[PDB]
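The structure appears below as structure tokens.
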Amino acid sequence: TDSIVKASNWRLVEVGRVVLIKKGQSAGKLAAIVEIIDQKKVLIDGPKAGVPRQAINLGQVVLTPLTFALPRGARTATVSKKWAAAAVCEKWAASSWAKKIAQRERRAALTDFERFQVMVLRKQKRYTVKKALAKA
Amino acid sequence: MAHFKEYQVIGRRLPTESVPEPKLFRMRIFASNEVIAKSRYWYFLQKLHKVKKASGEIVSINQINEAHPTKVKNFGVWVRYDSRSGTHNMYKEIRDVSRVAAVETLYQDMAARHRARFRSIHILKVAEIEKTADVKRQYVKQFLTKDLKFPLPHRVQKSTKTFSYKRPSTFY
Amino acid sequence: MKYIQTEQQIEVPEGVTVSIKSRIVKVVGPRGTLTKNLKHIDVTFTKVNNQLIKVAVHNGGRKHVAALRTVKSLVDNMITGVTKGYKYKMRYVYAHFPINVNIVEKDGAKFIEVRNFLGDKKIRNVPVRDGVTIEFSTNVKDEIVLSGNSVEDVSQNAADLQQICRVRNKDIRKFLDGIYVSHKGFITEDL
Amino acid sequence: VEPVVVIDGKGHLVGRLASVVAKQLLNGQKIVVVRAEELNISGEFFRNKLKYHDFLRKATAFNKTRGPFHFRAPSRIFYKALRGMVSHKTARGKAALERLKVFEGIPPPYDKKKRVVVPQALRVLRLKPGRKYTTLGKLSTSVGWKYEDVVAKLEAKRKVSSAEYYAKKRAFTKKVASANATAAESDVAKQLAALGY
RNA sequence: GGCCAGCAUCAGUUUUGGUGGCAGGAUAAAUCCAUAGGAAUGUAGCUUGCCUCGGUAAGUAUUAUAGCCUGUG
RNA sequence: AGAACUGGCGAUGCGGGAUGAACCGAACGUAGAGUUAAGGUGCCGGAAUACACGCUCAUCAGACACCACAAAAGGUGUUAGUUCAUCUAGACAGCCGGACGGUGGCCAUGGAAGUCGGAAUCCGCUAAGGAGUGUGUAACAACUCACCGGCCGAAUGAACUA
RNA sequence: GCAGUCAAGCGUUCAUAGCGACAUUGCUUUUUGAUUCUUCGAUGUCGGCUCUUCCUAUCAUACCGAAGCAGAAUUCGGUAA
RNA sequence: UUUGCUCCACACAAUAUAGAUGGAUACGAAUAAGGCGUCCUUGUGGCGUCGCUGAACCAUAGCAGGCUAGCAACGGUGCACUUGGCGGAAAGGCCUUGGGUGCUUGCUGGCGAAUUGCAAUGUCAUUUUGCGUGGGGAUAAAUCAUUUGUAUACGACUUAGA
Ligand SMILES: [K+]
Ligand SMILES: [Mg+2]
Ligand SMILES: [Mg+2]
Ligand SMILES: [Mg+2]
Ligand SMILES: [Mg+2]
Ligand SMILES: [Mg+2]
Ligand SMILES: [Mg+2]
Ligand SMILES: [Mg+2]
Ligand SMILES: [Mg+2]
Ligand SMILES: [Mg+2]
Ligand SMILES: [Mg+2]
Ligand SMILES: [Mg+2]
Ligand SMILES: [Mg+2]
Ligand SMILES: [Mg+2]
């Protein structure tokens with residue numbers, strides 16, 4: 001009886017939208033859209049992570065699902081204050097996306113002895129998991 | 001010609017015994033380096049006053065940095081350019097954080113839309129539009145609306161590897 | 001210019017439900033169900049308040065934003081078809097030879113038969129598209145009426161009937177014989 | 001890094017896919033292309049049909065059996081692009097071409113193998129939205145390919161069988177994921193997570 | 001003895017990284033801090049009309065329960 | 001086809017222009033290493049399916065000088081501009097109402113009343129009406145538009161430039 | 001040789017149904033010239049007969065648009081070899 | 001047929017390799033949308049979650065992986081078998097039943113390794129063929145010559161002949 005229309009939720013280019021830099025001097029740090037210059041350009045600020053206030057191409061960043069309240073054009077001090085108040089860093093670190101990034105960094109940081117230990121532990125866990133699967 | 005810097009260039013029309021201390025003419029030149037800046041200064045000075053580089057001298061050249069390079073501004077740019085069949089004055093509007101970025105955008109846009117090379121363009125004036133509703137171009141007006149939001153549909157991620165195993169998605 | 005956002009509104013009356021998957025629209029109303037595939041336009045649908053659907057184009061050029069209003073008109077015509085219906089009345093026009101229009105069946109296909117058009121011995125057959133109902137109207141001389149949910153199918157049937165009766169090898173300013181759409185409106189009166 | 005790479009050609013921008021395949025073949029990689037009838041060409045279907053008719057009118061005047069051969073099948077059209085971009089008259093190019101197989105649909109040997117895509121050749125990733133494009137199967141049928149319908153029938157049958165296979169695999173994967181969700185609060189799982197696994 | 005190599009320490013040529021200390025500019029411009037003055041894509045408050053929680057639409061209000069701009073230091 | 005200055009080919013390989021006496025780069029003993037020139041870097045093919053801002057969709061697209069062709073004239077295709085206009089004291093478009101009187105204004109014509117033609121280019125009522133924008137009449141009569149209105153409510157129109 | 005653009009005029013009225021002055025932009029290489037690059041230790045020099053193929057600037061046939069297309073006839077034009 | 005032919009198994013020989021050196025690891029569809037999990041009123045449904053690449057998943061320790069002693073658990077895996085089903089697009093593969101036997105690094109022990117000398121691919125794969133030894137299996141044609149004329153320059157074709 002009621003109309004059904006699929007939402008198709010997009011992440012929005014907006015003031016307060018949190019982005020992740022994928023290329024440049026930041027290369028993996030979070031910033032906030034201070035304001036929108038053009039359809040392809042935004043002024044961003046990353047004071048908590050160390051990203052300098054800069055006009056950046058939208059193709060140089062990835063929009064995150066994280067947004068916090070921020071007035072348009074807010075200077076670096078205001079951006080840092082609102083960022084801390086909204087606890088953007090904790091919200092990001094809780095996401096599986098950041099968890100995947102940290103996991104791949106840890107795997108890259110593993111040494112040869114740690115890889116051997118990973119193999120041994122994986123075999124130990126696999127034994128129990130296969131036993132449970134057979135019991136099921 | 002490259003990523004642009006703005007220079008103040010002050011030239012003298014070299015003094016003589018009859019006329020010491022000439023009138024010290026200054027301009028703001030957008031150029032990628034000081035050599036090009038001085039060349040352009042002498043080009044425009046030869047367009048304006050009876051003087052040439054041989055009969056004058058550059059008193060000073062100073063790079064002018066943006067006062068607020070991290071404040072988003074709307075710029076009105078008045079240019080004069082040569083097309084294939086004539087000369088035309090044009091006014092355009094560019095949103096950016098600095099005069100040099102706005103001028104680079106202006107040169108890119110003029111090359112893209114009018115095939116006007118650097119040699120064919122004169123920057124008559126660049127001035128920040130301080131007040132909204134003095135912006136008279138729609139392609140800048142539409143970015144001045146309150147609480148401006150827009151999605152980025154059809155995100156195309158670049159693959160690092162030749163082959164993918166996932167049949168990727170363009171969600172954003 | 002690449003306008004940032006362009007939007008159109010689609011009012012949904014009380015008896016109508018619009019189911020919009022990715023770009024497949026199913027409009028259901030008192031008169032039936034209409035379905036349309038719009039995967040060729042790249043628009044975005046959003047339900048606002050169960051009586052209003054917004055259709056939007058983001059970062060769209062001139063042709064894209066024109067197709068946006070085209071989409072809005074198409075969905076509006078779907079809703080109109082399921083609420084009021086669409087009916088086209090065509091008149092038979094002839095100077096000497098009376099045009100004989102009937103409904104016949106050929107393996108259960110419901111053709112419209114045109115005989116004696118300009119005295120032709122050829123018999124013209126126009127299949128009736130599914131969902132279109134043909135009625136030969138009384139109280140008006142030489143009127144055929146095509147009724148249905150889809151304005152597209154109704155108007156295409158009327159157009160086929162009109163085009164099958166085109167005059168050849170004659171000054172069509174003088175030989176005005178044919179079957180011409182005289183009225184296009186809705187099945188329900190004054191809705 | 002596979003001994004054989006199977007590319008599902010659906011929606012794959014025949015020229016860009018062919019460039020990828022030519023480079024892989026010349027570098028020594030065995031490539032098997034399936035579903036060539038679902039390859040895409042940018043531009044209107046009428047544009048590409050006119051282009052194929054321009055190709056068709058070219059033939060050796062004194063003997064048409066000598067002239068350029070106009071293969072109609074989608075796999076052979078993709079092969080024509082690939083051969084035009086491989087140095088096929090040399091022994092190295094010939095060996096590269098023997099390193100390649102192109103199929104309409106997905107025949108028995110490869111229907112049970114993994115299919116990959118080439119993102120730099122994918123139509124949805126490359127073409128601007130709204131740009132018109134052609135389907136190789138439709139173009140081939142319009143220019144004389146005779147086996148669109150039988151390929152479609154066999155593809156429907158293969159898709160039914162593959163859907164049954166994937167339903168079974170999804171049930172088994174749900175079971176396995178349930179079993180791995182348990183023993184994730186185990187000490188071994190804790191050490192693995194500390195090490196990043 | 002001859003043939004083919006490996007390593008180390010050097011020499012000539014060169015290629016590609018990591019890192020330290022200085023100099024200059026508007027003794028960078030910025031950020032930041034302080035301060036003065038403002039308007040708005042007008043924040044809090046206040047006023048008017050609405051009603052399905054409770055907000056909304058229009059006014060007034062220049063920092064207040066957001067901020068921003070310019071000048072100066 | 002004939003002169004001037006220079007550089008070249010002849011007499012000259014090499015890299016580039018696919019190919020080519022003359023063009024670009026560079027002139028050459030036999031080798032090694034490095035860097036380049038002109039030219040290039042999807043694949044052929046060595047080298048970024050590089051980055052960035054735009055523009056273009058062509059049922060004959062276009063794709064690097066010499067060089068292997070295209071013009072005048074056009075196009076609410078699309079883009080960006082110039083100048084002048086209308087507009088919340090209601091812009092344009094859309095539907096409906098009016099569109100008079102003096103007046104068949106004067107004259108040429110067999111007849112011509114606003115409307116085959118010349119001149120005169122006026123006002124009263126006027127929100128408004130032209131001695132007339134068209135259709136129609138043998139001339140009439142009659143529809144039609146300029147012009148003004150009723151309804152909706154914010155941007156719109158014209159001539160140009162490339 | 002063929003094709004455009006402008007539009008003073010023709011076309012009873014009406015520039016563009018069909019035409020179209022004064023001008024002007026082109027295309028073609030089935031004219032004839034211009035040139036002398038190839039061939040003078042030799043490319044058999046007219047035309048016809050025969051036979052194949054190609055082009056389209058389409059005479060006819062197919063389907064159409066326009067007319068100063070009532071019909072008939074005809075004219076202009078489009079896709080089309 | 002001067003013991004022929006063929007299939008299998010092993011052994012020994014040659015023969016080369018467009019180029020193995022952990023695993024080609026299987027939905028379909030869409031991309032201005034989807035995958036998965038869950039729930040119900042089973043839908044173009046609600047809810048939750050994921051992506052932002054395979055940077056994965058599986059595998060992976062032991063004289064190139066030896067010989068042995070246990071513990072825990074009835075798992076994992078190899079093998080020859082075996083039960084049944086499915087697969088014709090090029091099926092030549094997929095799934096499955098039961099038992100036997102080997103290994104298990106799931107955990108804890110004991111012994112061995114050296115001298116290839118400071119590296120040398122330091123030889124581990126698959127591709128054909130030959131030959132020998134064992135076992136199983138089968139026991140023809142075609143061409144020439146002759147003949148036919150539905151054929152024909154000659155070849156070829158098309159007929160016939162114990
Ligand atoms: K001669
Ligand atoms: Mg006729
Ligand atoms: Mg055939
Ligand atoms: Mg050295
Ligand atoms: Mg000469
Ligand atoms: Mg000589
Ligand atoms: Mg030379
Ligand atoms: Mg060339
Ligand atoms: Mg040398
Ligand atoms: Mg290469
Ligand atoms: Mg032109
Ligand atoms: Mg001879
Ligand atoms: Mg001869
Ligand atoms: Mg033609």
Side-chain angles (χ1 to χ4, degrees), chain A residues 4 6 8 20 40 53 57 62 71-78 96-97 104 107-108 116 119-120 123-124 127-128 130-131 134, chain B residues 62-63 65-71 83-86 88-92 105 108-109 111-114 132 144-147 153-154 157 159-161 164-166 168-171, chain C residues 1 19-24 26 42-44 58 62 171 173-174, chain D residues 2-6 16 18-19 22-23 28 43-44 46-47 50 61 84-87 92 95 98-99 105 107-109 111-115 120 124 129 131-132 150 154 159 161-163 165-167 169 174:
Chain A
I4 316 97
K6 247 311 201 190
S8 284
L20 178 76
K40 291 168 172 293
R53 189 179 180 94
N57 229 59
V62 191
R72 169 191 71 88
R75 306 163 66 76
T76 288
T78 302
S96 63
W97 181 356
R104 87 170 52 119
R107 287 185 181 196
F116 179 84
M119 185 204 33
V120 176
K123 300 175 71 142
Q124 281 162 17
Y127 195 87
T128 87
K130 290 277 217 283
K131 178 170 143 173
Chain B
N62 309 80
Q63 161 149 22
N65 306 127
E66 200 65 33
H68 308 104
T70 49
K71 172 216 177 193
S83 95
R84 277 164 210 162
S85 36
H88 325 274
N89 303 302
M90 306 213 335
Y91 169 83
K92 283 165 147 302
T105 294
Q108 290 312 96
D109 179 85
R113 306 197 200 255
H114 305 289
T132 315
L144 320 171
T145 84
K146 183 86 145 133
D147 281 343
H154 204 93
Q157 309 177 18
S159 205
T160 46
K161 299 215 301 191
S164 174
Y165 305 85
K166 215 170 43 193
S169 45
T170 63
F171 96 99
Chain C
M1 197 210 152
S19 283
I20 296 187
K21 201 55 163 158
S22 59
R23 259 151 306 156
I24 299 135
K26 175 211 243 172
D42 273 311
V43 292
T44 305
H58 307 284
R62 185 174 172 88
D171 194 326
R173 303 167 322 177
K174 167 63 153 185
Chain D
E2 311 59 72
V4 177
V5 177
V6 187
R16 312 199 163 256
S19 209
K23 205 30 169 183
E44 243 198 311
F46 203 97
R47 275 199 66 75
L50 274 196
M85 309 165 8
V86 159
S87 197
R92 166 177 178 254
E98 331 170 21
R99 290 193 267 270
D111 52 31
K112 289 193 220 318
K113 304 293 190 192
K114 181 66 175 154
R115 267 92 65 185
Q120 76 191 18
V124 303
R131 291 296 173 203
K132 276 157 176 210
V150 58
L154 298 168
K159 278 172 190 181
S161 298
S162 186
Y165 151 78
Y166 174 76
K169 176 187 230 203
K174 188 178 96 186

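A, B, ... follow the sequence lines: proteins, then strands. Residue 1 opens every chain. The analysis underlying the following values was restricted to heavy atoms, covering all of them including side chains, and did not include hydrogens, waters or symmetry mates.
Distances shorter than 4.0 Å separate some side-chain N or O of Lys169(D) from OP1 or OP2 on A26(H). Residue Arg75(A) places at least one side-chain N or O closer than 4.0 Å to OP1 or OP2 of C69(E). Regarding contacts with the backbone of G75(H), every side-chain N or O of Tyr127(A) stays at 4.0 angstrom or more from both OP1 and OP2. For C69(E), neither phosphate oxygen OP1 nor OP2 lies less than 4.0 angstrom from any side-chain nitrogen or oxygen of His68(B). For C53(F), one of the phosphate oxygens OP1 or OP2 lies less than 4.0 angstrom from a side-chain nitrogen or oxygen of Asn57(A). OP1 and OP2 of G23(H) both lie 4.0 Å or more from every side-chain N or O belonging to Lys113(D). Close to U31(H), at under 4.0 Å from its OP1 or OP2, lies a side-chain N or O of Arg23(C). Regarding contacts with the backbone of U59(F), a side-chain N or O of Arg47(D) is found under 4.0 angstrom from either OP1 or OP2. Within the 4.0 Å cut-off from OP1 or OP2 of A30(E), not a single side-chain nitrogen or oxygen of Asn65(B) is found. Residue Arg173(C) places none of its side-chain N or O atoms closer than 4.0 Å to OP1 or OP2 of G71(G). Side-chain nitrogen and oxygen atoms of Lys159(D) include at least one within less than 4.0 Å of the OP1 or OP2 phosphate oxygen of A29(H).
Across all strands, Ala112(B) comes closer than 4.0 Å to base atoms (heavy-atom distances). Within the 4.0 angstrom heavy-atom criterion, only backbone atoms of the sugar-phosphate kind lie near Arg107(A); the bases stay farther away. Within the 4.0 angstrom heavy-atom criterion, base atoms lie near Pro69(B). Note on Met90(B): only backbone sugar-phosphate atoms sit closer than 4.0 angstrom, heavy atoms only; bases stay farther off. Nucleic acid contact for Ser85(B): sugar-phosphate only, since backbone atoms but no base atoms lie under 4.0 Å from a heavy atom of the residue. At the heavy-atom level, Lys130(A) lies under 4.0 Å from the strands shown only through sugar-phosphate atoms. Residue contacts for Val5(D): at a heavy-atom cut-off of 4.0 Å it reaches no nucleic acid atom on any strand shown. Residue-level contact check: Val120(A) touches the bases, meaning some heavy atom is under 4.0 Å from a base atom. Residue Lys132(D) is out of contact with every strand shown, counting any heavy-atom pair closer than 4.0 Å. Among the protein residues, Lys131(A) comes within range of the sugar-phosphate backbone only, with heavy atoms under 4.0 Å from sugar or phosphate atoms but none that close to a base. If you check every strand for non-hydrogen atoms under 4.0 Å, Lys23(D) touches sugar and phosphate atoms only. If you check every strand for non-hydrogen atoms under 4.0 Å, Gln124(A) touches sugar and phosphate atoms only. Within the 4.0 angstrom heavy-atom criterion, only backbone atoms of the sugar-phosphate kind lie near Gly73(A); the bases stay farther away.
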Report, as a single string ordered 5' to 3', how protein heavy atoms within less than 4.0 Å touch nucleotides 74-81 of chain G: B base, S sugar-phosphate only, - not at all. --------

Taking protein heavy atoms under 4.0 Å as touching, what does nucleotides 70-79 of chain F look like 5' to 3' if B marks base contact, S marks sugar-phosphate-only contact and - marks none? ------BSSS

What string of B, S and - do you get for nucleotides 40-53 of chain H, 5' to 3', when a contact is any protein heavy atom under 4.0 Å? ----BS----SBBB

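Here, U103(F) and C140(F) have their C1' atoms 15 Å apart, quoted to the whole Å. The gap from the P atom of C63(G) to that of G33(G) amounts to 48 Å, rounded to the nearest Å. The separation of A59(H) from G78(H), taken at their P atoms, amounts to 12 Å, rounded to a whole angstrom. To the nearest whole angstrom, the two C1' atoms, one in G97(F) and one in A139(F), are 31 Å apart. Remark: the separation of the P atoms in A73(F) and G46(F) is 49 Å, to the nearest Å. As rounded to the nearest Å, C23(F) and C9(F) have P atoms that lie 7 Å from one another. For the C1' atoms, the distance linking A125(H) with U77(H) amounts to 23 Å, nearest Å. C14(G) and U115(F) have their P atoms separated by 16 Å, with the value rounded to a whole Å.
Judged by distance alone, with hydrogens and angles left aside, the side-chain atoms of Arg115(D) form a donor-acceptor pair with the main-chain N or O of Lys113(D) at under 3.5 Å. No donor-acceptor pair under 3.5 Å is formed between the side chain of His114(B) and the backbone N or O of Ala112(B). Using a distance-only test at 3.5 Å, with no hydrogens or angles considered, a donor-acceptor pair links the side chain of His154(B) to the main chain of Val124(D).
For the strand neighbours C57(F) and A58(F), base stacking is present under the 5.5 Å centre-distance and 30-degree plane-angle rule. Between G25(E) and its strand neighbour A26(E) the base rings do not stack, failing centres under 5.5 Å or planes under 30°. When the rule of centres under 5.5 Å and planes under 30° is applied to the neighbouring bases of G46(H) and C47(H), their six-membered rings qualify as stacked. Consecutive residues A34(G) and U35(G) form a stacked step, taking six-membered ring centres below 5.5 angstrom and planes below 30 degrees as the test. Under the 5.5 Å and 30° stacking definition, the step from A138(F) to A139(F) qualifies as stacked.
Sugar conformation, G75(F): north. The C1'-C2'-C3'-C4' torsion carries a positive sign. A positive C1'-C2'-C3'-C4' dihedral is found for the sugar of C24(F), placing it in the north range.
A glycosidic torsion no more than 90° from 0 defines the syn conformation; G33(G) lies beyond that range and is anti. Classification of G48(H) as anti follows from a glycosidic angle more than 90° from 0.
Using the rule of two distances under 3.5 Å, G93(H) and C86(H) count as a Watson-Crick or G-U wobble pair. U25(H) and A56(H) make a Watson-Crick or G-U wobble pair, with both donor-acceptor distances under 3.5 Å. Applying the 3.5 Å cutoff to both bonds, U101(H) and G37(H) do not register as a Watson-Crick or G-U wobble pair. Between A58(E) and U47(E) there is a base pair of the Watson-Crick or G-U wobble kind, both donor-acceptor distances falling below 3.5 Å.
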Criterion salt bridge (charged side-chain N to carboxylate O under 4.0 Å, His left out) on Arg23(C) and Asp42(C), from CA distance to verdict: CA-CA 8 Å; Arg23(C) 259 151 306 156; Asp42(C) 273 311; 3.4 Å; yes

For RNA chain G, just give me the dot-bracket, please: Watson-Crick or G-U, both distances below 3.5 Å, ( ) intra-strand, [ ] crossing earlier pairs, | paired with another strand, . unpaired. (((((...((.......))...)))))..................................((((((......))))))..

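With sequence neighbours excluded, no residue forms a salt bridge (charged side-chain N to carboxylate O under 4.0 Å, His left out) with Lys112(D). In this structure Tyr166(D) satisfies the ring pair (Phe, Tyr, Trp, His ring centres under 6.0 Å) test with no other residue, sequence neighbours excluded.
Judged by closest nucleotide on RNA chain E, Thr70(B) is the one of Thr70(B) and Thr145(B) placed further toward the 5' end. When the nearest nucleotides of RNA chain E are assigned to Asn62(B) and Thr132(B) by heavy-atom distance, the more 5′-ward of the two goes with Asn62(B).
A heavy-atom distance below 4.5 Å is not found between the side chains of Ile20(C) and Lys6(A). Residues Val62(A) and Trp97(A) have side chains in contact (heavy-atom distance under 4.5 Å, counting atoms from C-beta outward).
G28(H) has no base stacking with the ring of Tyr166(D) when judged by centroids under 5.5 angstrom apart and an interplanar angle below 30°.
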